[PDB]
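Single-structure report; data block below.
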There are 2 protein chains.
Amino acid sequence: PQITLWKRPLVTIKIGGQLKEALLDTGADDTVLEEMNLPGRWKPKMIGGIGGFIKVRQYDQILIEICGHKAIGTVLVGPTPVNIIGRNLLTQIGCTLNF
Amino acid sequence: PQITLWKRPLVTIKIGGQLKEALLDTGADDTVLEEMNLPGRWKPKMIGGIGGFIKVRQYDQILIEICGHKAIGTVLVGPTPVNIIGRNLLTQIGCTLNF
Ligand SMILES: CCOP(=O)(COc1ccc(C[C@H](NC(=O)O[C@H]2CO[C@H]3OCC[C@H]32)[C@H](O)CN(CC(CC)CC)S(=O)(=O)c2ccc3c(c2)OCO3)cc1)OCC
């Protein structure tokens, strides 16, 4: 589809057996999701933005479905105020910017 | 242009007669630039990101040219980690997400 930017580009995603709403975020290198108890091993990480850094748990090789487009990659879990789909997964679903 | 997301979507902008690099950021409601001198009146504002809130200077009706496309709108100036072009201006240059 084509998503205009009058409002926040929110879409439904499926991860770890659950449905959620997440932002398609071209400014995000990585994908950051609200706190959730995924299984498996993880590695600590810190990611920075406006306001400073937050601590997150890096899970690798996680499947996410974004508007029916499947994508598997690294997902960070932590106290983010919003679920954020970053470029690591946006590339996998063929997402481009166009003007 | 059509911009893929394997690299950061960085572009050259022209504001206050000065060229800069900025990130096309569909996850930002507003446009936030690193500290710089801009003419005209401004009002203290605050914006929240991944790591909390910062203090910024709000400039309204600022002329800014993005990858050859002109926009006139609100530009926030403050301690952001990177120059970001937010949806308030992405809409003006006709930017959409597509996949
Ligand atoms: C909504 C309820 O909470 P809230 O109101 C705001 O919550 C939000 C809403 C949107 C975002 C997304 C964020 N947007 C943003 O900062 O925009 C602000 C300016 O415009 C305003 O409009 C929205 C917020 C304001 C960027 O798109 C992406 N970011 C990087 C970018 C930072 C400049 C470039 C470096 S990143 O998230 O930090 C990040 C992600 C993965 C990474 C990484 C860094 O590093 C490696 O991987 C984050 C928090 O207040 C909370 C205190």
Side-chain angles (χ1 to χ4, degrees), chain A residues 1-11 13 21-34 45-54 56 65-71 73 76-99, chain B residues 1-6 8-11 13 21-34 46-54 56 65-71 73 76-99:
Chain A
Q2 173 172 109
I3 303 172
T4 66
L5 301 172
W6 297 113
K7 61 182 208 193
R8 284 193 181 211
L10 295 173
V11 297
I13 65 173
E21 296 300 282
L23 208 62
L24 306 175
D25 189 353
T26 56
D29 295 346
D30 308 317
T31 296
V32 197
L33 298 180
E34 289 164 47
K45 197 182 145 83
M46 263 162 96
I47 55 158
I50 281 170
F53 287 74
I54 58 166
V56 299
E65 193 176 287
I66 305 151
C67 291
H69 296 259
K70 289 174 181 263
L76 313 177
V77 177
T80 177
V82 182
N83 293 318
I84 294 169
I85 307 309
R87 293 192 294 97
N88 70 311
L89 302 182
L90 297 172
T91 56
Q92 289 185 38
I93 67 170
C95 189
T96 55
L97 283 173
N98 304 84
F99 57 93
Chain B
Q2 179 165 262
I3 299 173
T4 58
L5 299 171
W6 302 104
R8 285 201 192 76
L10 292 166
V11 299
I13 63 170
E21 202 158 74
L23 183 71
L24 304 181
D25 185 354
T26 60
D29 303 339
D30 308 315
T31 296
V32 190
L33 302 182
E34 310 172 294
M46 293 195 39
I47 62 196
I50 212 163
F53 287 87
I54 61 171
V56 298
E65 161 163 30
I66 303 157
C67 201
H69 293 249
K70 302 214 145 113
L76 313 179
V77 174
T80 175
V82 302
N83 297 320
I84 58 179
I85 302 305
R87 289 189 297 98
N88 68 311
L89 305 183
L90 296 172
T91 54
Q92 291 200 21
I93 60 171
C95 192
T96 64
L97 285 170
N98 305 274
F99 59 89

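In what follows, chains carry the letters A, B, and so on, assigned in the order in which the sequence lines appear, proteins first and then strands, with residues in each chain numbered from 1. Computed from heavy atoms alone, side chains included, the values below leave out hydrogens, waters and symmetry copies.
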Tell me whether [X] contacts the main-chain N or O of [Y] through its side chain, where contact means a donor paired with an acceptor under 3.5 Å.
X: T26(B); Y: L24(A); answer: yes
X: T96(B); Y: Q2(A); answer: no
X: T91(B); Y: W6(A); answer: no

| task | With a 4.5 angstrom heavy-atom cut-off, could you sort out which part of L5(A) is near chain B: side chain, backbone, both or neither? | result |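 For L5(A), backbone and side chain are both near chain B.
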| message | Taking every non-hydrogen pair under 4.5 Å, which of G86(B), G52(B), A28(B) racks up the most with chain A? | response |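 Of the options given, most contacts go to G52(B).
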| said: For the interface with chain A, which of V82(B), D25(B), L97(B) has the highest count of heavy-atom pairs at distances below 4.5 Å? | reply: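 Top count of heavy-atom pairs under 4.5 Å with chain A: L97(B).
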| message | Please find the pair of heavy atoms, one from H69(B) and one from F99(A), that lie closest to each other, and give the distance. | response |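 The answer is CE1-O, 3.6 Å.
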| task | Output the distance between atom CD1 (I3(B)) and atom CG (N98(A)), rounded to the nearest 0.5 Å. | result |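 Output value for this atom pair is 8.0 Å.
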| Pairwise distance CZ(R87(B)) to NZ(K7(A)) - rounded to 0.5 angstrom |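 Taking CZ in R87(B) and NZ in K7(A), the distance rounds to 10.5 Å.
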| task | Find out whether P81(B) and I50(A) are in side-chain contact, i.e. whether some heavy atom of one side chain is under 4.5 Å from a heavy atom of the other. | result |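 Yes, close enough: below the 4.5 Å cut-off.
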